[PDB]
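A single chain, nothing else alongside it, follows as C-alpha coordinates in the form solved without the DNA.
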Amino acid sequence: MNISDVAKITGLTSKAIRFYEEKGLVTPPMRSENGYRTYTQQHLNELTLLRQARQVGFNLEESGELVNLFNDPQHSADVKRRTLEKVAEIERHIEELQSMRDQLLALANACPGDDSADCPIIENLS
(Lines give C-alpha, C1' and ligand atoms only; values in the text may rest on other atoms or scores of the structure.)
Protein backbone atom coordinates (compact mmCIF):
# COMPACT_ATOMS: atom_id res chain seq x y z
CA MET A 1 0.00 0.00 0.00
CA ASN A 2 1.20 3.49 -0.84
CA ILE A 3 0.54 6.60 1.23
CA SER A 4 -2.62 7.52 -0.69
CA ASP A 5 -4.16 4.09 0.04
CA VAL A 6 -3.43 4.50 3.74
CA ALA A 7 -4.96 7.97 3.77
CA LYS A 8 -8.16 6.62 2.18
CA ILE A 9 -8.39 3.62 4.48
CA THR A 10 -7.63 5.49 7.72
CA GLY A 11 -9.36 8.74 6.83
CA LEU A 12 -6.13 10.62 7.54
CA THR A 13 -4.54 13.04 5.09
CA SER A 14 -1.17 12.06 3.61
CA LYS A 15 0.28 15.12 5.34
CA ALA A 16 -0.92 13.93 8.73
CA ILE A 17 0.50 10.49 7.95
CA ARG A 18 3.89 11.96 7.00
CA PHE A 19 3.67 14.04 10.18
CA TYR A 20 3.14 10.99 12.38
CA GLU A 21 6.18 9.35 10.78
CA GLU A 22 8.21 12.55 11.05
CA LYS A 23 7.47 12.72 14.78
CA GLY A 24 8.27 9.04 15.23
CA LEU A 25 4.76 8.32 16.49
CA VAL A 26 4.47 5.39 14.08
CA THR A 27 6.90 2.83 12.63
CA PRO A 28 8.80 4.22 9.59
CA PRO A 29 7.62 2.54 6.40
CA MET A 30 10.22 0.86 4.20
CA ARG A 31 10.93 2.23 0.72
CA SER A 32 9.94 0.62 -2.58
CA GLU A 33 12.28 0.07 -5.52
CA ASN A 34 11.40 3.52 -6.81
CA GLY A 35 11.85 4.99 -3.34
CA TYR A 36 8.20 5.36 -2.29
CA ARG A 37 6.95 4.57 1.20
CA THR A 38 5.35 1.12 1.36
CA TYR A 39 2.90 0.42 4.16
CA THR A 40 1.91 -2.83 5.81
CA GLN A 41 -1.07 -3.85 7.94
CA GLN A 42 0.99 -2.88 11.00
CA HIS A 43 1.08 0.75 9.79
CA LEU A 44 -2.69 0.68 9.31
CA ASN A 45 -3.21 -0.61 12.85
CA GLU A 46 -0.83 2.01 14.31
CA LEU A 47 -2.47 4.88 12.40
CA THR A 48 -5.93 3.64 13.34
CA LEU A 49 -4.96 3.39 17.03
CA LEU A 50 -3.47 6.89 16.82
CA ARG A 51 -6.59 8.33 15.18
CA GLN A 52 -9.02 6.57 17.50
CA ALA A 53 -7.05 7.27 20.67
CA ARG A 54 -7.08 10.98 19.81
CA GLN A 55 -10.81 10.86 19.05
CA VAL A 56 -11.46 9.37 22.47
CA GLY A 57 -9.46 11.93 24.45
CA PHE A 58 -5.75 11.02 24.47
CA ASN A 59 -3.34 13.69 23.33
CA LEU A 60 -0.56 13.15 20.79
CA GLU A 61 2.10 12.00 23.24
CA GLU A 62 -0.33 9.70 25.07
CA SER A 63 -1.51 8.26 21.77
CA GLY A 64 2.09 7.66 20.77
CA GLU A 65 2.66 5.71 23.98
CA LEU A 66 -0.41 3.56 23.32
CA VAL A 67 1.06 2.75 19.90
CA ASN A 68 4.28 1.78 21.68
CA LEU A 69 2.36 -0.52 24.05
CA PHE A 70 0.49 -1.96 21.06
CA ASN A 71 3.64 -3.14 19.26
CA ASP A 72 5.00 -4.60 22.48
CA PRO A 73 4.68 -8.42 22.59
CA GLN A 74 4.16 -8.15 26.35
CA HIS A 75 0.45 -4.55 29.74
CA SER A 76 -3.31 -4.94 30.22
CA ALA A 77 -3.06 -3.47 33.71
CA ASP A 78 -1.03 -0.50 32.50
CA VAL A 79 -3.30 0.37 29.56
CA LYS A 80 -6.27 0.06 31.91
CA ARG A 81 -4.54 2.50 34.25
CA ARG A 82 -4.02 5.01 31.43
CA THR A 83 -7.61 4.55 30.29
CA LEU A 84 -9.14 5.02 33.73
CA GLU A 85 -6.97 8.13 34.17
CA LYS A 86 -8.34 9.48 30.89
CA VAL A 87 -11.83 8.83 32.26
CA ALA A 88 -11.06 10.77 35.46
CA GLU A 89 -9.70 13.58 33.32
CA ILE A 90 -12.86 13.69 31.18
CA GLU A 91 -15.09 13.60 34.28
CA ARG A 92 -13.31 16.63 35.75
CA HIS A 93 -13.90 18.38 32.44
CA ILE A 94 -17.57 17.34 32.54
CA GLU A 95 -17.77 18.63 36.12
CA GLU A 96 -16.30 22.00 35.18
CA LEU A 97 -18.69 22.40 32.24
CA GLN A 98 -21.61 21.43 34.47
CA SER A 99 -20.53 24.01 37.03
CA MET A 100 -20.27 26.77 34.40
CA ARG A 101 -23.60 25.71 32.92
CA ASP A 102 -25.28 25.97 36.33
CA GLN A 103 -23.65 29.33 37.07
CA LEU A 104 -24.98 30.72 33.80
CA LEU A 105 -28.45 29.32 34.47
CA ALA A 106 -28.49 30.82 37.97
CA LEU A 107 -27.60 34.21 36.50
CA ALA A 108 -30.13 33.77 33.67
CA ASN A 109 -32.92 33.09 36.15
CA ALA A 110 -31.96 36.27 38.04
CA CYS A 111 -31.95 38.27 34.79
CA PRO A 112 -34.91 40.66 34.27
CA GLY A 113 -34.90 39.48 30.65
CA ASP A 114 -36.42 42.77 29.51
CA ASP A 115 -35.55 46.13 27.96
CA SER A 116 -34.01 47.45 31.20
CA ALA A 117 -30.23 47.96 31.32
CA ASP A 118 -29.91 46.14 34.66
CA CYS A 119 -28.22 42.84 33.94
CA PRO A 120 -26.90 40.42 36.63
CA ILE A 121 -25.26 38.30 33.93
CA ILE A 122 -22.98 41.06 32.61
CA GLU A 123 -22.47 42.53 36.07
CA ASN A 124 -21.33 39.23 37.55
CA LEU A 125 -19.20 38.17 34.57
CA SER A 126 -17.27 41.46 34.60
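In this text, the rigid core denotes the largest set of C-alpha atoms whose superposition between the two forms falls within 1.5 Å. A residue's number is simply how far along the shown sequence it sits, counting from 1.
Keep in mind that the form solved in complex with the DNA is not shown, yet the notes after this line are about it.
Asks: Verify the contact flag for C119: yes if a non-hydrogen atom of it lies within 4.5 Å of a non-hydrogen atom of the DNA in the deposited complex, no if not.
Replies: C119 lies outside the contact set for the DNA.
Asks: Using a 4.5 angstroms cut-off on non-hydrogen atoms, would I9 count as touching the DNA in the deposited complex?
Replies: Judged by the heavy-atom cut-off of 4.5 Å, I9 is well away from the DNA in the deposited complex.
Asks: Can you work out whether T13 and the DNA are in contact in the deposited complex, taking contact to mean some heavy atom pair no more than 4.5 Å apart?
Replies: So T13 counts as contacting the DNA.
Asks: Can you tell me whether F70 touches the DNA? I mean in the deposited complex, with a 4.5 angstroms heavy atom cut-off.
Replies: Output for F70 is no: heavy atoms all beyond 4.5 Å of the DNA.
Asks: Spot the stretch among 58-66, 76-84, 92-100, 41-49 with residues whose non-hydrogen atoms come within 4.5 Å of the DNA in the deposited complex.
Replies: So the stretch in question is 58-66.
Asks: Using a 4.5 Å cut-off on heavy atoms, which residues of 98-121 contact the DNA in the deposited complex?
Replies: None of them.
Asks: After fitting the rigid core, is the C-alpha of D102 off by 2 Å or more between the shown form and the other one?
Replies: Yes, because once the rigid core is superposed, the C-alpha of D102 moves 2 Å or more between the shown form and the other one.
Asks: After a rigid core superposition, would you say the CA of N34 moves by 2 angstroms or more between the shown form and the other one, or not?
Replies: Where the cores coincide, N34 still shows a C-alpha shift between the shown form and the other one that is 2 Å or more.
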